[PDB]
(Lines of atoms letter the chains of each structure in order from A and count residues from 1; the text may use other names and numbers.)
(Lines give C-alpha, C1' and ligand atoms only; values in the text may rest on other atoms or scores of the structure.)
Protein backbone atom coordinates (compact mmCIF):
# COMPACT_ATOMS: atom_id res chain seq x y z
CA UNK A 1 0.00 0.00 0.00
CA UNK A 2 0.95 3.68 -0.32
CA UNK A 3 0.58 3.86 3.52
CA UNK A 4 3.28 1.19 4.00
CA UNK A 5 5.53 2.93 1.48
CA UNK A 6 5.09 6.38 3.11
CA UNK A 7 5.83 4.84 6.52
CA UNK A 8 8.92 3.07 5.20
CA UNK A 9 10.10 6.27 3.54
CA UNK A 10 9.40 8.57 6.51
CA UNK A 11 11.13 6.33 9.06
CA UNK A 12 14.09 5.34 6.86
CA UNK A 13 16.36 8.33 7.77
CA UNK A 14 14.65 10.27 20.75
CA UNK A 15 11.12 9.43 21.91
CA UNK A 16 9.26 11.33 19.17
CA UNK A 17 11.64 11.04 16.15
CA UNK A 18 9.11 9.35 13.91
CA UNK A 19 6.38 11.91 14.79
CA UNK A 20 8.81 14.71 13.91
CA UNK A 21 9.72 12.98 10.64
CA UNK A 22 6.09 12.46 9.59
CA UNK A 23 5.23 16.08 10.51
CA UNK A 24 8.16 17.28 8.43
CA UNK A 25 7.09 15.08 5.54
CA UNK A 26 3.68 16.83 5.79
CA UNK A 27 5.44 20.25 5.71
CA UNK A 28 7.02 19.37 2.37
CA UNK A 29 3.88 17.71 0.95
CA UNK A 30 1.47 20.48 2.04
CA UNK A 31 3.78 22.99 0.41
CA UNK A 32 3.81 21.08 -2.87
CA UNK A 33 0.06 20.40 -2.67
CA UNK A 34 -0.55 24.16 -2.29
CA UNK A 35 1.60 24.84 -5.34
CA UNK A 36 -0.37 22.21 -7.36
CA UNK A 37 -3.71 23.71 -6.26
CA UNK A 38 -2.49 27.17 -7.24
CA UNK A 39 -1.57 25.79 -10.68
CA UNK A 40 -5.17 24.60 -11.16
CA UNK A 41 -6.46 28.00 -9.95
CA UNK A 42 -4.40 29.71 -12.65
CA UNK A 43 -4.32 27.35 -15.64
CA UNK A 44 -7.85 25.96 -15.65
CA UNK A 45 -10.02 26.53 -18.69
CA UNK A 46 -13.48 25.12 -19.31
CA UNK A 47 -17.12 25.27 -18.17
CA UNK A 48 -17.28 25.46 -14.39
CA UNK A 49 -14.17 27.65 -14.12
CA UNK A 50 -16.26 30.35 -12.39
CA UNK A 51 -16.98 28.20 -9.36
CA UNK A 52 -13.91 25.93 -9.58
CA UNK A 53 -11.46 28.84 -9.63
CA UNK A 54 -12.62 30.31 -6.30
CA UNK A 55 -12.94 26.74 -4.93
CA UNK A 56 -9.14 26.40 -5.50
CA UNK A 57 -8.51 29.45 -3.25
CA UNK A 58 -10.62 27.80 -0.52
CA UNK A 59 -8.62 24.58 -0.86
CA UNK A 60 -5.43 26.65 -0.91
CA UNK A 61 -6.39 28.57 2.26
CA UNK A 62 -7.04 25.27 4.06
CA UNK A 63 -3.78 23.68 2.83
CA UNK A 64 -1.88 26.76 4.05
CA UNK A 65 -3.65 26.66 7.41
CA UNK A 66 -2.67 22.97 7.63
CA UNK A 67 0.94 23.86 6.73
CA UNK A 68 1.31 26.50 9.41
CA UNK A 69 -0.30 24.24 12.03
CA UNK A 70 1.78 21.20 11.15
CA UNK A 71 4.97 23.20 11.05
CA UNK A 72 4.25 24.97 14.38
CA UNK A 73 3.37 21.62 15.91
CA UNK A 74 6.70 20.26 14.67
CA UNK A 75 8.55 23.23 16.20
CA UNK A 76 6.55 22.88 19.44
CA UNK A 77 7.56 19.23 19.90
CA UNK A 78 11.26 19.99 19.35
CA UNK A 79 11.70 19.59 15.59
CA UNK A 80 12.85 21.79 12.73
CA UNK A 81 10.49 22.20 9.72
CA UNK A 82 11.63 22.39 6.12
CA UNK A 83 11.47 26.06 5.29
CA UNK A 84 12.84 26.49 1.77
CA UNK A 85 11.31 25.74 -1.62
CA UNK A 86 14.19 23.41 -2.52
CA UNK A 87 13.59 21.38 0.67
CA UNK A 88 9.85 21.16 -0.05
CA UNK A 89 10.44 20.04 -3.64
CA UNK A 90 13.16 17.46 -2.77
CA UNK A 91 11.43 15.89 0.20
CA UNK A 92 7.83 15.94 -1.01
CA UNK A 93 6.47 12.71 -2.49
CA UNK A 94 4.19 14.76 -4.76
CA UNK A 95 5.43 15.58 -8.27
CA UNK A 96 4.75 18.78 -10.12
CA UNK A 97 4.58 19.45 -13.85
CA UNK A 98 4.92 22.69 -15.77
CA UNK A 99 1.58 24.48 -16.00
CA UNK A 100 -0.24 24.24 -19.28
CA UNK A 101 -3.62 25.74 -20.35
CA UNK A 102 -4.49 22.65 -22.36
CA UNK A 103 -5.27 20.40 -19.35
CA UNK A 104 -9.00 19.76 -19.20
CA UNK A 105 -11.16 20.45 -16.14
CA UNK A 106 -11.46 16.65 -15.74
CA UNK A 107 -7.64 16.34 -15.62
CA UNK A 108 -7.37 19.06 -12.94
CA UNK A 109 -10.04 17.31 -10.83
CA UNK A 110 -8.33 13.94 -11.15
CA UNK A 111 -5.01 15.50 -10.14
CA UNK A 112 -6.58 17.16 -7.05
CA UNK A 113 -8.16 13.86 -6.05
CA UNK A 114 -4.74 12.18 -6.32
CA UNK A 115 -3.18 14.92 -4.18
CA UNK A 116 -5.81 14.52 -1.45
CA UNK A 117 -5.62 10.70 -1.60
CA UNK A 118 -1.90 11.03 -1.09
CA UNK A 119 -2.36 13.47 1.79
CA UNK A 120 -4.97 11.23 3.47
CA UNK A 121 -2.56 8.30 3.25
CA UNK A 122 0.26 10.41 4.67
CA UNK A 123 -2.04 11.43 7.53
CA UNK A 124 -2.90 7.76 8.18
CA UNK A 125 0.86 7.16 8.55
CA UNK A 126 0.85 10.17 10.91
CA UNK A 127 -1.94 8.46 12.91
CA UNK A 128 -0.02 5.16 13.16
CA UNK A 129 3.24 6.86 14.13
CA UNK A 130 1.68 9.22 16.73
CA UNK A 131 -0.23 6.29 18.28
CA UNK A 132 2.99 4.28 18.45
CA UNK A 133 4.90 7.19 20.02
CA UNK A 134 2.05 8.34 22.31
CA UNK A 135 1.68 11.88 20.89
CA UNK A 136 -2.06 12.48 21.34
CA UNK A 137 -1.88 16.15 20.30
CA UNK A 138 -0.22 15.39 16.97
CA UNK A 139 -2.56 12.43 16.51
CA UNK A 140 -5.50 14.81 16.82
CA UNK A 141 -3.91 17.14 14.25
CA UNK A 142 -3.54 14.26 11.76
CA UNK A 143 -7.06 12.99 12.53
CA UNK A 144 -8.65 16.35 11.66
CA UNK A 145 -6.47 16.77 8.55
CA UNK A 146 -7.29 13.25 7.36
CA UNK A 147 -11.04 13.74 7.97
CA UNK A 148 -11.01 17.00 6.00
CA UNK A 149 -8.91 15.39 3.21
CA UNK A 150 -11.38 12.50 2.97
CA UNK A 151 -14.37 14.87 2.81
CA UNK A 152 -12.58 16.83 0.09
CA UNK A 153 -12.01 13.58 -1.86
CA UNK A 154 -15.69 12.72 -1.59
CA UNK A 155 -16.72 16.18 -2.94
CA UNK A 156 -14.17 16.36 -5.77
CA UNK A 157 -15.07 12.78 -6.75
CA UNK A 158 -18.73 13.80 -6.77
CA UNK A 159 -17.94 16.74 -9.06
CA UNK A 160 -16.27 14.14 -11.37
CA UNK A 161 -19.47 12.00 -11.28
CA UNK A 162 -17.71 9.33 -9.19
CA UNK A 163 -17.94 7.80 -5.72
CA UNK A 164 -15.25 8.54 -3.06
CA UNK A 165 -13.38 5.26 -3.77
CA UNK A 166 -11.07 6.17 -0.83
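Residue numbers count along the first chain shown, from 1.
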{"property": "Length class of the unmodelled deposited segment, which would lie between residue 13 and residue 14", "result": "4 to 9"}
{"property": "Between 125-133 and 29-37 (mean CA B-factor, as deposited), the higher", "result": "125-133"}
{"property": "Selected stretch [higher average CA B-factor]: 93-101 or 109-117", "result": "93-101"}
{"property": "Highest recorded Cα temperature factor - choice among 24, 147, 9, 157", "result": "9"}
{"property": "Chain thirds of CA B-factor: placement of residue 85", "result": "highest"}
